[PDB]
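Shown below, as structure tokens, is a lone chain in the form deposited in one PDB entry; questions about how it binds or moves come after it.
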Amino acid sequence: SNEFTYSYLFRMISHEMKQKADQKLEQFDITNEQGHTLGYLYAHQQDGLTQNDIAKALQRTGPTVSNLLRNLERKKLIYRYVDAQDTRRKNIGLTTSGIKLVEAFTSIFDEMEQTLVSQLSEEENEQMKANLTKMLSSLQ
């Protein structure tokens, strides 16, 4: 409808999506930082990740990353295994519970997006995302 400002519609949609996601998030009890770490591992552990690599990629310091990985390992969401190429070296990866956790978190957003996408045709979705991007561009 034309009775609403873009500000209102965007505020409400964003608020609602946030509320749903948050209500879904309160049962993980894991840190934002740790969530980002687990997601990075989900996306890149096939590269054989070391602590330093995680530090660089996360743009955090070594001891902070150490703290995170220590806490995640305590929770049994990650583990360290001997490198297949070089048995001298160790790599960090997800455990089963970690993979499950990342997939759940991600499924929340994938389902939300799919819900939104299914309301419009492919062309309508394409036009919508393009106009949204133009608008945001107009906001910077």
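For the two forms, the rigid core is made up of the largest set of C-alpha atoms that agree within 1.5 Å on superposition. When you see a residue number, it is the position in the sequence shown, counting from 1. Shifts are known only where both forms have a C-alpha.
Not pictured, yet referred to below: the form deposited in another entry.
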To test your reading of the superposition: with the rigid core aligned, which of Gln114, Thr96, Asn32, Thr61 moves its Cα by 2 angstroms or more between the shown form and the other one? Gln114
Once you compare with this form, do the C-alpha atoms of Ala55 and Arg89 lie closer or farther in the other form, given a change of 3 Å or more? closer
Quick one: with a 3 Å or larger change, is the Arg70 to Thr87 CA distance smaller or larger in the other form? Answer closer or farther. closer
Residue runs (3+) with all C-alpha shifts of 2 Å or more between the shown form and the other one, core-fitted, in sequence order, are 3-26, 81-90, 106-140
